[PDB]
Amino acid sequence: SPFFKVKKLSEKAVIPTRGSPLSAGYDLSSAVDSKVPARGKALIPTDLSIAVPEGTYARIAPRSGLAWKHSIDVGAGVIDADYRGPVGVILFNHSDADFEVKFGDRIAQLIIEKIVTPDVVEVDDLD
């Protein structure tokens, strides 16, 4: 049975919520105030640790508003189901304008994507 368990690592953390009833993702909020330099990057802590089920992973996905309005998008973003460290969001600034993330800003959305993980079979012929 699917689950999404979240542990607050500080009092500043915001428990993720979905934005609409059928929404794909859980909104993630910044636990800090941080500059994202023009044509540069920032690593934004959520002060959360998580667990998601085997047969899935948590993808840190971009919010469309951040991307369209501010040319900000998300690098990396693959959180394994057994990763128990703090969840941070890597933002890339694809513009010549400096940007600033404020404490509590929603900076990404977490999507729990279904996957398969079979053992690899090496072959001489794929078909």
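All residue numbers refer to positions in the sequence shown, first residue = 1.
- Set 20 to 28 against 110 to 118 and average the Cα temperature factors; 20 to 28 ends up higher.
- Mean CA B-factor, 56 to 64 versus 82 to 90: the higher value falls on 82 to 90.
- For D96, the recorded CA temperature factor ranks within the middle third of the chain's modelled residues.
- When the CA B factors of the chain's modelled residues are split into thirds, the value for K35 lands in the middle one.
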